[PDB]
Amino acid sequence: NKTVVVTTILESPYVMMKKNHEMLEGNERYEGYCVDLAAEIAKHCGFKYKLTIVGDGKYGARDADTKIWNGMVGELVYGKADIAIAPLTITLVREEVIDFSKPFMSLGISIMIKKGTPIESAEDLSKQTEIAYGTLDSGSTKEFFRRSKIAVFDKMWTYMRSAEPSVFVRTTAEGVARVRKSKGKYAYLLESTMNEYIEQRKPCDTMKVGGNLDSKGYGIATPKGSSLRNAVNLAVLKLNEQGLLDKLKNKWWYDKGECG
């Protein structure tokens, strides 16, 4: 009976360093939605666990040439971690190599603008050129655009892939900062969950505009053949039914919201 290695990612408000982390040990160093969720998954499934921050800071993409998976998906695939409890999007390319639980949170790709940017939709972005637009450089949002068979998203991808300087960002923080600094001339494509979060953070200068471009979810991911698979999945279901997932989202998004 071993300590389960949990891979996760420093992404607010899912996992954050506590103020006093240097004075704390192990799992107590971290706080956030996924920290709370990991404690509950572990309790319901009856395992001890160790939170680990993904080494490369990435979510998980497979390199076209080397076929190597990076990020948290890589850590699962290569057996460096036993479970990923993180804002990790359920995707087909990932579900082909790892198992996901039923989604614990819903999201879709969305548009973040600096307040007062004349953009209402993904159509509005594709039709103009004054406002630059991009995504996280190594995640499911980028892959949505790259793998699309849909005309308008193919159009947006074609712009983004060739845009100079690069419209892609290394971290959500960088995307958000870029929106805040580009005086309305950069829009960021990111998941609605992160968009919603940032809209409630000081200095309250960004907002989600328009509908989501897709509808999907984050799931808890395990390597194929994990003994944790069934129990993790039932735990997610139990926690949803008991209202905990809604409670945790409110706790980390809205209850401490800085924008009124």
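Under this definition, the rigid core comprises the largest set of C-alpha atoms superposing within 1.5 Å between the forms. Quick note: we count residues from 1 along the sequence shown, nothing fancier.
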Which stretch is more displaced from the shown form in 5 other deposited structures of this protein, 58 to 66 or 30 to 38, with RMS over structures and residues of Cα positions after a rigid core fit?
58 to 66
Which is farther from the shown form in 5 other deposited structures of this protein in C-alpha RMS with the core fitted, 236 to 244 or 17 to 25?
17 to 25
As the entry reports it, the stretch among 69 to 77 and 83 to 91 with higher mean C-alpha B factor is 69 to 77
Mean temperature factor over C-alpha atoms, higher-scoring stretch between 33 to 41 and 199 to 207:
199 to 207
Among the candidates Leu136, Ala163, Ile111, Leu107, give the one with the maximum CA B-factor reported in the record.
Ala163
Out of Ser140, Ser101, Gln128, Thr172, which residue has the highest Cα temperature factor in the PDB record?
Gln128
Check where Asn250 lands among this chain's C-alpha B-factors and tell me if it's the lowest, middle or highest third.
middle
Just say lowest, middle or highest third for the CA B-factor of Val97 relative to the other modelled residues in its chain.
middle
Per the entry's values, where does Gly55 land by CA temperature factor relative to the rest of its chain, in the lowest, middle or highest third?
middle
Is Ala64 in the lowest, middle or highest third of its chain when residues are ranked by C-alpha B-factor?
highest
Looking at the entry's B-factor column for C-alpha atoms only, identify whether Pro223 ranks in the lowest, middle or highest third of its chain.
middle
